[PDB]
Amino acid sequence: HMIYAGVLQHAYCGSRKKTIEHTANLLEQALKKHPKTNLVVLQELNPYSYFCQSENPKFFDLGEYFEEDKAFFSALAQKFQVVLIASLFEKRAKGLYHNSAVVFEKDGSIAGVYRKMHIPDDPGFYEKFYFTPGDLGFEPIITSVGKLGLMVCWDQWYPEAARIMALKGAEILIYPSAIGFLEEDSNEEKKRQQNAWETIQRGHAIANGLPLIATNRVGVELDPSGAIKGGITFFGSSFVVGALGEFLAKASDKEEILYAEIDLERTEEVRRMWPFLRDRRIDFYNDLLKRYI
């Protein structure tokens, strides 16, 4: 059981149409450069700007594309016969939206949908205004390349989420992300932010004996409201680690096709060496259900 993973890390191209066409070109390039690729993961909200930089209800208009986006990325997955993970903007109902990652099987059928569960809220990342927190919970998505523990961005800071996926048979953890720095940040803070983002996810891999893919976009994006001067600089640096937290591939902070070959069969050997799941003291984990004590 092998996953030959491709990560398409790029900038927003100024419109939805141009951006999704650019992603389609990179997918084609990725499959020529790496013909064994059976899983392609896109960045969070891959057709769009990171529109949560400001709190503005006009951006809910972008929710009207969900079915067209799925048709577009469904066709891509079937055309290139890969499992494809897109990160989309789901309109659940009038006035009701989710940050929803969609997994396309290699025949274009939808293997599953994950609604972002943990929703952030900081200046420049006003996601709680737009995204209703997911209500399906932490459920892996079964695909022809394995049972995918798929979550989105802010979810990656929560060990609880990765553990629940692992307990439900996930064979890999995957997080399309949108993370960048502000003009105000010092070099020390940027390095610490990015290193902590990498480190916490490497811990999910180690704790669960599972490999992990994290994707991210690149490029400077300016605040249309003008509140945040210098906008957000997305640092890319998508990466893949194995079941011991060891790096399998690491990207630059520029546009990049990242490739890694992931052996799922190592999970048995890693968990035999480190049987964390055997030893979890679930009889004393009840306090995890509390906000604070």
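All residue numbers refer to positions in the sequence shown, first residue = 1.
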Of 76-84 and 91-99, the stretch whose C-alpha atoms average the higher B-factor in the entry: 76-84
Using the B-factors recorded in the PDB entry, average over the C-alpha atoms of 159-167 and of 177-185, then report which stretch comes out higher. 177-185
Residue with highest C-alpha B-factor in the PDB entry, from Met151, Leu212, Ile206, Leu222: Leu222
Determine which member of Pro120, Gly112, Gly108, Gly137 has the highest CA B-factor, using the values in the deposited entry. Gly108
By the recorded C-alpha temperature factor, relative to the other modelled residues in its chain, which third is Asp253 in? highest
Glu28: which third of its chain by C-alpha temperature factor? highest
Cα B factor band for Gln193 (lowest, middle or highest third within the chain): middle
Based on the deposited C-alpha B factors for this chain, I'd like to know if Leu289 is in the lowest, middle or highest third. lowest
Could you say whether, by C-alpha temperature factor, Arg280 belongs to the lowest, middle or highest third of its chain? lowest
